[PDB]
Amino acid sequence: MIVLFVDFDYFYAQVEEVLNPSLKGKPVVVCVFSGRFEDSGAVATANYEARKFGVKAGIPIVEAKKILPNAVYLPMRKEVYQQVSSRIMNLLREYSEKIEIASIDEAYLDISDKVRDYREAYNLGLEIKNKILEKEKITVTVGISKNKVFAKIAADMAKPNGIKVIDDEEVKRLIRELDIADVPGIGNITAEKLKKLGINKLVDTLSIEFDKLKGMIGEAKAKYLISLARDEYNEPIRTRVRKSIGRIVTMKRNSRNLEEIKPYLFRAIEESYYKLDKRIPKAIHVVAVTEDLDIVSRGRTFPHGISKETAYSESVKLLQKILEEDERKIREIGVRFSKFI
DNA sequence: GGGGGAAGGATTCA
DNA sequence: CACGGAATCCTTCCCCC
Ligand SMILES: Nc1nc2c(ncn2[C@H]2C[C@H](O)[C@@H](COP(=O)(O)OP(=O)(O)OP(=O)(O)O)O2)c(=O)[nH]1
Ligand SMILES: [Ca+2]
Ligand SMILES: [Ca+2]
Ligand SMILES: [Ca+2]
């Protein structure tokens, strides 16, 4: 198997540049303005000019402002980025039927029976890059290896605007040298549990009793890590399909007042339905974010599809159930639909 | 004992 | 001060043969 992974560079910020070239060169910060107060909200991402000073995805807009008060701040326009993304995805399809769209800016191509050895794979990388850059003026980073995981690791290593191959030889090498935290799917929580077990590199998962590892991080995560340790990871490139659709909004102020909360909720329902289009869900969950930034939810699955009418009243109950099972005020309210017919 | 879901949360990544 | 969107996995509770 020969996997070629593509990851678009500082994607949202780069799209804003393509659409408004005068922005290129200076720091650009794409933000999610929550509407609470003046600059309430977080950063979705920022171009590298901005990252040089620590402004990156996830930090409060206010903190970014302190660092770069003169940077350009733009509201996130998700739908725009999506269409450009879709176009780039259609271009990659011209390189392989076997394609797995992982996110708005990521894709795995199974180019096994489309090229032999890594030399040809790499060159397919350059072609793909060059093509995308000429067709959409978007630079991306390419990662190539024997499976999705090391292909993605390949890309993380070459960012930004790069291309890299991790051949059968380096795969073996990284299994012994690569900090396990750098492995896709190992976040802060899992990294710490591994540390406390003494597991620092993929290789270490091989000398520990499975049941031990299993008990601390889960059977799934344990098999995953060992699988990679034994160069036995080979998940196929497959098409993914949306499984849930929803919306969540930040209220103007915290509240436990049903009447005060409902309009935001209903708004969340209306928007979610528009995004559902032809899809009919059988499950609905009401999601609330407490005053202390905590997340609580209540849902329900029906034996049939849910009409918008059924969503409204059912979602009101769930919200009442949330309020009557958690004393904290609510800060953000939303809904999610799943189990599509 | 264990097959088969469903509900609420944990964790991760974009 | 702390955004939106979403997938997979885990524990727990049920119903039943
Ligand atoms: N709203 C929101 N969107 C995010 C967040 N993180 C990532 N995104 C979106 C916008 C990013 O441009 C896009 C791609 O994510 P990456 O994790 O690939 O970041 P980006 O491509 O901007 O930079 P990169 O060159 O990959 O290091 O996903 C986030 O924390 N909040
Ligand atoms: Ca990216
Ligand atoms: Ca990405
Ligand atoms: Ca990590």
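Quick note on labels: first sequence line is chain A, next is B, and so on, each numbered from 1. Keep in mind that the numbers below use all heavy atoms, side chains included, and drop hydrogens, waters and symmetry copies.
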Point to revise | Distance, rounded to the nearest Å, where A/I295 contributes CD1 and C/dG5 contributes P | key: 13 Å
Review point. What is the distance, rounded to the nearest whole Å, between atom NZ of A/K282 and atom P of B/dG5?
Key: 11 Å
Exercise for review: Answer yes or no: does a side-chain N or O of A/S103 lie under 4.0 Å from OP1 or OP2 of C/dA6?
Suggested key: no
Check your understanding: How close or far is atom P of C/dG4 from atom CG of A/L293, stated in whole angstroms?
Key -> 12 Å
Study note, to complete from the structure: Closest to the side chain of A/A42, out of C/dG4, B/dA7, C/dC3, is C/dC3
Exercise for review: Give A/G334 one of three labels, base, sugar-phosphate or nothing, depending on what nucleic acid heavy atoms sit under 4.0 Å from its own.
Suggested key: nothing
Check your understanding: Do other residues, nucleotides or ligands put more than 12 heavy atoms under 6.0 Å from A/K275 NZ?
Key -> yes
Revision key, fill the gap. Ranking C/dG5, C/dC9, C/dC3 by distance to the side chain of A/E332, first place goes to C/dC3
**Study point:** Distance, rounded to the nearest Å, where A/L276 contributes CG and C/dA6 contributes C1'
**Key:** 14 Å
Point to revise | Nearest-angstrom distance from the residue atom NZ of A/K243 to P of C/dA6 | key: 14 Å
Practice item. Output yes when A/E17 and A/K137 qualify as a salt bridge under the 4.0 Å nitrogen-oxygen rule, no when they do not. Key: no
Check your understanding: Does A/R298 make a side-chain N or O approach to OP1 or OP2 of B/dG8 shorter than 4.0 Å?
Key -> yes
**Study point:** Check ion pair A/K114-A/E97 (N to O, under 4.0 angstrom)
**Key:** yes
**Study point:** Pairwise P distance, C/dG4 and B/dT12 [rounded to whole Å]
**Key:** 23 Å
Check your understanding: When you measure from the side chain of A/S34, which nucleotide among C/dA2, B/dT11, C/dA6 comes out closest?
Key -> C/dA2
Review point. Do A/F150 and A/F5 have ring centroids that are under 6.0 Å from one another?
Key: no
Review point. Is A/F37 touching bases, backbone alone, or none of the nucleic acid, heavy atoms closer than 4.0 Å?
Key: sugar-phosphate
Review point. With a non-hydrogen cut-off below 4.0 angstrom, is A/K152 in contact with a base, only sugar-phosphate, or nothing?
Key: sugar-phosphate
Practice item. May I ask you to say what A/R238 touches in the nucleic acid, namely base, sugar-phosphate or nothing, with a heavy-atom cut-off under 4.0 Å? Key: sugar-phosphate
Review point. A/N188 near the nucleic acid: base, sugar-phosphate alone, or nothing, with a heavy-atom cut-off under 4.0 Å?
Key: sugar-phosphate
Review point. Are A/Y108 and A/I153 joined in one hydrophobic group, where the rule is that I, L, V, M, F, W and Y side chains link up if heavy atoms are under 4.5 Å apart?
Key: no
Check your understanding: A/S40 near the nucleic acid: base, sugar-phosphate alone, or nothing, with a heavy-atom cut-off under 4.0 Å?
Key -> sugar-phosphate
Practice item. Rounded off to whole Å, could you give me the CG-to-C1' distance for the A/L318 and B/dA7 pair? Key: 11 Å
Check your understanding: With a 4.0 Å cut-off on heavy atoms, is A/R36 in touch with a base, just the backbone sugar-phosphate, or nothing at all?
Key -> nothing
Check your understanding: What nucleic acid atoms does A/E106 come within less than 4.0 Å of, heavy atoms only: base, sugar-phosphate, or nothing?
Key -> sugar-phosphate
Exercise for review: Go ahead and name the base partner of C/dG4; Watson-Crick or wobble counts if both distances stay under 3.5 Å, otherwise write none.
Suggested key: none
Point to revise | C/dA2 phosphate, OP1 or OP2, under 4.0 Å from A/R331 side-chain N/O | key: yes
Review point. Is there a donor in the side chain of A/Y264 and an acceptor in the side chain of A/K252, or the other way round, less than 3.5 Å apart?
Key: yes
Review point. Looking for any heavy atom pair under 4.0 Å, which part of the strands does A/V43 touch: base, sugar-phosphate only, or nothing?
Key: nothing
Review point. Just how far, in rounded Å, is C1' of C/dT8 from NZ of A/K223?
Key: 15 Å
Check your understanding: Which part of the nucleic acid does A/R240 contact within heavy-atom distance under 4.0 Å: base, sugar-phosphate only, or nothing?
Key -> nothing
Exercise for review: Remember a base hit wins even if backbone is also touched, and classify A/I186 as base, sugar-phosphate or nothing at under 4.0 Å, heavy atoms.
Suggested key: sugar-phosphate
Point to revise | Residue mapping more 5' on DNA chain B - nearest nucleotide basis, A/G185 or A/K339 | key: A/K339
Check your understanding: Hey, which of these two, A/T250 or A/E219, hits DNA chain C nearer its 5' end, going by closest nucleotide?
Key -> A/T250
Review point. What nucleotide among C/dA7, C/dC3, C/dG5 has an atom nearest to a side-chain atom of A/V32?
Key: C/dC3
Review point. Does A/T301 make a side-chain N or O approach to OP1 or OP2 of B/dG5 shorter than 4.0 Å?
Key: no
Review point. Roughly how many Å is it from CZ in A/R336 to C1' in C/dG4, rounded to a whole number?
Key: 9 Å
Review point. Any donor and acceptor pair, going by atom type alone, linking the side chain of A/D7 with main-chain N or O of A/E106 inside 3.5 Å?
Key: no
Check your understanding: Where each residue is assigned the nucleotide of DNA chain C containing its nearest heavy atom, which of A/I61 and A/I217 is assigned the position nearer the 5′ end?
Key -> A/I61
